[PDB]
Amino acid sequence: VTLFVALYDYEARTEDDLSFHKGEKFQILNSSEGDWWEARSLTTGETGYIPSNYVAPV
């Protein structure tokens, strides 16, 4: 299991990143370090690339 939370709000500025507010949950499926992890929004269901530094393990 890999449930992470957004420590801060983020405004997706591209069609590859996602947008949410601090307190949202995300399912990291492919991190591999780097800078942009792929998390799936459990609220909307759409998956995208959110800032790895903007999420943390619950």
# chains A, B, ... in the order shown; residues from 1 in each chain; ligands from 1

call {"tool": "select_by_dssp", "arguments": {"residues": "chain A", "states": "strand (DSSP E)", "output": "number ranges by chain"}}
result
A: 3-6, 25-30, 36-41, 47-51, 55-57

call {"tool": "residues_around", "arguments": {"residues": "residue A:41", "least_positions_apart": "6", "cutoff": "9 Å", "atoms": "only C-alpha atoms", "output": "list in words"}}
result
residues 18, 20, 24, 25, 26, 27, 47 and 48 of chain A

call {"tool": "closest_residue", "arguments": {"among": "A:29, A:3, A:17, A:22", "to": "residue A:50", "atoms": "only C-alpha atoms"}}
result
A:17

call {"tool": "closest_residue", "arguments": {"among": "A:8, A:28, A:15, A:58", "to": "residue A:42", "atoms": "only C-alpha atoms"}}
result
A:28

call {"tool": "residues_around", "arguments": {"residues": "residue A:35", "least_positions_apart": "3", "cutoff": "8 Å", "atoms": "only C-alpha atoms", "output": "count of residues only"}}
result
3

call {"tool": "closest_residue", "arguments": {"among": "A:16, A:57, A:46, A:36", "to": "residue A:1", "atoms": "only C-alpha atoms"}}
result
A:57

call {"tool": "residues_around", "arguments": {"residues": "residue A:55", "least_positions_apart": "6", "cutoff": "6 Å", "atoms": "only C-alpha atoms", "output": "list in words"}}
result
residues 4, 5, 6 and 7 of chain A

call {"tool": "atom_distance", "arguments": {"atom1": "atom CA of residue A:39", "atom2": "atom CA of residue A:14"}}
result
15.2 Å

call {"tool": "closest_residue", "arguments": {"among": "A:13, A:56, A:2, A:44", "to": "residue A:30", "atoms": "only C-alpha atoms"}}
result
A:2
